[PDB]
Amino acid sequence: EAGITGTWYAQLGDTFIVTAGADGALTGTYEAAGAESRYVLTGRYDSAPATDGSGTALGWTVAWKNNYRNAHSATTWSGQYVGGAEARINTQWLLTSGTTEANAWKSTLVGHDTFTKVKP
Amino acid sequence: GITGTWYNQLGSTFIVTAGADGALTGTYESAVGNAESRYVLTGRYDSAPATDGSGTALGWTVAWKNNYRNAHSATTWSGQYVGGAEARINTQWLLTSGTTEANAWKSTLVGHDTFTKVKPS
Amino acid sequence: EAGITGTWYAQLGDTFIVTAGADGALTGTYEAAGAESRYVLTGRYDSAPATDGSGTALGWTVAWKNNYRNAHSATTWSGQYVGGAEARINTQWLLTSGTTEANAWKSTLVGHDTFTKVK
Amino acid sequence: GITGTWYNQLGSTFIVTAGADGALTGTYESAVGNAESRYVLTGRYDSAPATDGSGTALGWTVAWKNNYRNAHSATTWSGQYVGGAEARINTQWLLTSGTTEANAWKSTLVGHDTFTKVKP
């Protein structure tokens with residue numbers, strides 16, 4: 001409380017580090033599976049979650065530009081943090097690429113990822 | 001182009017600032033849902049978009065807690081800014097509520113919002 | 001009287017023709033924007049909708065294979081029918097392409113489309 | 001390999017037949033939600049998939065009305081069949097409820113279900 005701050009691991013090797021601020025801020029760095037693969041992460045979480053067995057709602061964005069590379073796209077992850085011995089962040093995500101109007105219908109991928117505090 | 005006050009199709013107000021760096025900051029006031037007054041938002045955008053007529057990718061998050069209410073929820077919007085005569089931000093969103101594990105299957109709503117610098121209707 | 005049977009037009013050129021069966025069946029053809037561009041459509045709808053002003057829930061699928069082409073992908077539309085002078089079907093959709101596991105993370109596009117009875 | 005009885009991670013039962021012409025037919029019984037007993041499903045699949053190691057694209061719909069209950073809603077699953085050691089159907093789904101116009105923004109739930117021929 002909160003157990004969100006720290007390092008989180010996805011199934012296929014992505015890793016992020018985040019600080020959950022007392023004001024509801026999420027800030028950190030996302031590393032897609034060196035610094036060439038590291039991107040700024042910024043989001044928000046419920047800083048006063050229920051203590052009734054529910055998850056803690058959250059979301060964040062990564063725009064896939066850094067000093068080295070730029071995919072002209074951005075992912076947002078929406079989900080909840082589930083605490084305990086096997087804590088997890090369960091998310092669904094949208095990845096939108098910049099497109100022309102003609103190609104806008106195929107601008108956005110949807111998917112899901114779970115993150116854990118230990119490597120899977 | 002992104003910095004300014006935007007309105008979605010339902011009348012919600014999105015006041016955003018785009019930093020030189022890729023940062024989005026601002027406030028969101030929803031016209032619908034378990035929400036009242038302004039909420040903080042943060043996000044990111046592509047600060048060096050392509051020069052081929054493509055839009056500018058972006059996204060942001062609102063956690064639906066402020067000094068007055070808490071819905072134990074958060075929405076993320078993912079989309080692109082399209083400049084021109086009439087600038088638009090076209091998005092799809094995910095709204096996740098805290099749930100127990102048994103109810104996690106019904107935790108997340110999906111939708112689509114289009115933002116313009118004029119109020120709707 | 002479901003009001004669904006007939007021809008529907010998407011905002012960007014696509015057309016479909018559907019029959020709403022008394023039992024909840026949707027059956028028809030989707031033409032993408034031309035038999036080369038026509039595909040089988042099948043789905044289901046709520047044949048006894050609420051009478052409180054709510055729309056009529058429905059969904060359908062098109063696999064993008066016909067006798068001429070195969071994109072190795074399928075779209076599902078999930079939405080609701082709203083009747084009246086300006087009847088419409090408001091949908092959100094998921095398009096999944098067959099991929100290897102390594103590429104599964106980019107298998108599925110999401111979007112939305114509204115269909116009307118006039119172009 | 002699609003024809004058969006499948007279960008998702010919640011214990012829902014998906015009984016499906018794949019027709020030579022690309023048709024999917026069968027029944028769905030949900031372990032969760034406003035649902036009782038079997039519901040009719042129909043859908044489509046790619047009857048001539050790639051041979052390059054890709055999965056087989058498919059989708060289906062259930063309207064949540066049967067002779068017992070009506071939830072005024074429909075779910076569509078969009079995904080792919082992955083033949084493997086243990087065969088799997090990986091999906092994402094959209095559940096839309098009939099709503100008034102004022103509530104249309106909250107009409108649609110999204111999630112992801114994985115189906116195997118084994119029940120959890």
# chains A, B, ... in the order shown; residues from 1 in each chain; ligands from 1
$ closest_atom_pairs --of "chain A" --to "chain C" --cutoff "12 Å" --atoms "only C-alpha atoms" --output "CSV"
residue,atom,partner,partner_atom,distance
A:11,CA,C:105,CA,11.4
A:12,CA,C:102,CA,9.1
A:92,CA,C:105,CA,11.5
A:93,CA,C:105,CA,10.4
A:94,CA,C:110,CA,8.5
A:95,CA,C:106,CA,9.2
A:96,CA,C:109,CA,9.7
A:97,CA,C:109,CA,11.4
A:101,CA,C:12,CA,11.2
A:102,CA,C:12,CA,9.6
A:103,CA,C:12,CA,11.5
A:104,CA,C:111,CA,9.3
A:105,CA,C:111,CA,6.6
A:106,CA,C:109,CA,6.4
A:107,CA,C:109,CA,7.7
A:108,CA,C:109,CA,5.6
A:109,CA,C:109,CA,4.3
A:110,CA,C:108,CA,5.8
A:111,CA,C:105,CA,6.4
A:112,CA,C:105,CA,8.2
A:113,CA,C:105,CA,9.3
$ write_last_selection --atoms "N, CA and C atoms" --output "JSON list (two decimals), in the first residue's frame"
[["chain", "number", "residue", "atom", "x", "y", "z"],
["A", 11, "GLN", "N", 5.39, -11.17, -19.93],
["A", 11, "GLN", "CA", 5.66, -12.55, -20.31],
["A", 11, "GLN", "C", 6.77, -12.71, -21.36],
["A", 12, "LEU", "N", 6.83, -11.82, -22.34],
["A", 12, "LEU", "CA", 7.76, -11.97, -23.46],
["A", 12, "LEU", "C", 9.01, -11.10, -23.35],
["A", 92, "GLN", "N", -5.20, -4.47, -20.49],
["A", 92, "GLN", "CA", -5.53, -4.50, -21.91],
["A", 92, "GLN", "C", -4.91, -3.24, -22.51],
["A", 93, "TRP", "N", -4.47, -3.30, -23.76],
["A", 93, "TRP", "CA", -3.77, -2.17, -24.32],
["A", 93, "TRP", "C", -4.24, -1.84, -25.72],
["A", 94, "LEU", "N", -4.05, -0.57, -26.09],
["A", 94, "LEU", "CA", -4.30, -0.07, -27.45],
["A", 94, "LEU", "C", -3.04, 0.56, -27.97],
["A", 95, "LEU", "N", -2.60, 0.14, -29.16],
["A", 95, "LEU", "CA", -1.42, 0.70, -29.79],
["A", 95, "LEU", "C", -1.85, 1.42, -31.06],
["A", 96, "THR", "N", -1.80, 2.75, -31.07],
["A", 96, "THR", "CA", -2.20, 3.54, -32.24],
["A", 96, "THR", "C", -0.96, 4.06, -32.92],
["A", 97, "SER", "N", -0.91, 3.85, -34.23],
["A", 97, "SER", "CA", 0.13, 4.40, -35.06],
["A", 97, "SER", "C", -0.38, 5.64, -35.79],
["A", 101, "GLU", "N", -5.34, 9.50, -43.39],
["A", 101, "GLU", "CA", -6.78, 9.30, -43.28],
["A", 101, "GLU", "C", -7.23, 8.00, -43.94],
["A", 102, "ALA", "N", -6.71, 7.72, -45.13],
["A", 102, "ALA", "CA", -7.06, 6.52, -45.88],
["A", 102, "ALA", "C", -6.76, 5.24, -45.12],
["A", 103, "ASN", "N", -5.73, 5.27, -44.26],
["A", 103, "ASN", "CA", -5.28, 4.09, -43.53],
["A", 103, "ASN", "C", -5.72, 4.11, -42.06],
["A", 104, "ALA", "N", -6.53, 5.08, -41.68],
["A", 104, "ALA", "CA", -6.90, 5.24, -40.28],
["A", 104, "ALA", "C", -7.65, 4.02, -39.77],
["A", 105, "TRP", "N", -8.34, 3.30, -40.64],
["A", 105, "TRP", "CA", -9.11, 2.16, -40.16],
["A", 105, "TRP", "C", -8.20, 1.07, -39.59],
["A", 106, "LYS", "N", -6.94, 1.06, -39.98],
["A", 106, "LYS", "CA", -6.00, 0.05, -39.49],
["A", 106, "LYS", "C", -4.93, 0.68, -38.59],
["A", 107, "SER", "N", -5.26, 1.80, -37.98],
["A", 107, "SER", "CA", -4.34, 2.49, -37.08],
["A", 107, "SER", "C", -4.07, 1.84, -35.70],
["A", 108, "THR", "N", -5.02, 1.04, -35.19],
["A", 108, "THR", "CA", -5.01, 0.65, -33.77],
["A", 108, "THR", "C", -5.08, -0.85, -33.53],
["A", 109, "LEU", "N", -4.02, -1.37, -32.91],
["A", 109, "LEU", "CA", -3.98, -2.75, -32.45],
["A", 109, "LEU", "C", -4.48, -2.82, -31.02],
["A", 110, "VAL", "N", -5.07, -3.95, -30.66],
["A", 110, "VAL", "CA", -5.54, -4.20, -29.30],
["A", 110, "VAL", "C", -4.95, -5.50, -28.82],
["A", 111, "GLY", "N", -4.62, -5.55, -27.53],
["A", 111, "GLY", "CA", -4.05, -6.75, -26.95],
["A", 111, "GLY", "C", -4.14, -6.72, -25.44],
["A", 112, "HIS", "N", -3.43, -7.63, -24.79],
["A", 112, "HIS", "CA", -3.43, -7.73, -23.32],
["A", 112, "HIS", "C", -2.07, -8.19, -22.85],
["A", 113, "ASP", "N", -1.71, -7.74, -21.65],
["A", 113, "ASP", "CA", -0.46, -8.21, -21.04],
["A", 113, "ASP", "C", -0.62, -8.24, -19.54]]
$ closest_atom_pairs --of "chain B" --to "chain C" --cutoff "10 Å" --atoms "only C-alpha atoms" --output "Markdown table"
| residue | atom | partner | partner_atom | distance |
| --- | --- | --- | --- | --- |
| B:91 | CA | C:111 | CA | 9.7 |
| B:92 | CA | C:111 | CA | 7.8 |
| B:110 | CA | C:92 | CA | 8.7 |
| B:111 | CA | C:92 | CA | 7.7 |
| B:112 | CA | C:112 | CA | 7.6 |
$ write_last_selection --atoms "N, CA and C atoms" --output "PDB file, in the first residue's frame"
ATOM      1  N   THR B  91      -9.730   8.965 -31.215  1.00  0.00           N
ATOM      2  CA  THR B  91      -9.291   8.016 -30.194  1.00  0.00           C
ATOM      3  C   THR B  91     -10.162   6.794 -30.023  1.00  0.00           C
ATOM      4  N   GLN B  92      -9.572   5.756 -29.450  1.00  0.00           N
ATOM      5  CA  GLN B  92     -10.332   4.680 -28.847  1.00  0.00           C
ATOM      6  C   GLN B  92      -9.853   4.587 -27.408  1.00  0.00           C
ATOM      7  N   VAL B 110     -14.949  -0.508 -23.536  1.00  0.00           N
ATOM      8  CA  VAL B 110     -14.252   0.066 -24.700  1.00  0.00           C
ATOM      9  C   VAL B 110     -15.169   0.987 -25.492  1.00  0.00           C
ATOM     10  N   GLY B 111     -14.571   2.026 -26.060  1.00  0.00           N
ATOM     11  CA  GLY B 111     -15.321   2.960 -26.875  1.00  0.00           C
ATOM     12  C   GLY B 111     -14.383   3.796 -27.733  1.00  0.00           C
ATOM     13  N   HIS B 112     -14.993   4.790 -28.370  1.00  0.00           N
ATOM     14  CA  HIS B 112     -14.258   5.679 -29.269  1.00  0.00           C
ATOM     15  C   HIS B 112     -14.756   7.107 -29.111  1.00  0.00           C
TER      16      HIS B 112
END
$ interface_residues --of "chain B" --to "chain D" --cutoff "8 Å" --atoms "only C-alpha atoms" --output "list in words"
residues 105, 106, 107, 108, 109, 110 and 111 of chain B
$ residues_around --residues "residue 41 of chain B" --least-positions-apart "4" --cutoff "7 Å" --atoms "only C-alpha atoms" --output "ChimeraX atom specification"
/B:25-28,60-62
$ closest_atom_pairs --of "chain D" --to "chain C" --cutoff "6 Å" --atoms "only C-alpha atoms" --output "tab-separated table"
residue	atom	partner	partner_atom	distance
D:42	CA	C:43	CA	5.6
D:43	CA	C:61	CA	5.6
D:44	CA	C:63	CA	5.6
D:45	CA	C:63	CA	5.6
D:53	CA	C:100	CA	5.8
D:54	CA	C:99	CA	4.3
D:55	CA	C:98	CA	4.6
D:56	CA	C:98	CA	5.2
D:57	CA	C:98	CA	4.9
D:58	CA	C:74	CA	5.6
D:59	CA	C:61	CA	5.9
D:61	CA	C:43	CA	5.6
D:63	CA	C:45	CA	5.5
D:73	CA	C:57	CA	4.9
D:74	CA	C:58	CA	5.5
D:76	CA	C:78	CA	6.0
D:78	CA	C:76	CA	5.9
D:79	CA	C:96	CA	5.5
D:96	CA	C:79	CA	5.5
D:97	CA	C:57	CA	5.7
D:98	CA	C:55	CA	4.6
D:99	CA	C:54	CA	4.3
D:100	CA	C:54	CA	4.3
$ interface_residues --of "chain B" --to "chain A" --cutoff "9 Å" --atoms "only C-alpha atoms" --output "NGL selection string"
:B and (22-24 or 40-50 or 52-65 or 70-82 or 91-101 or 104 or 107-108)
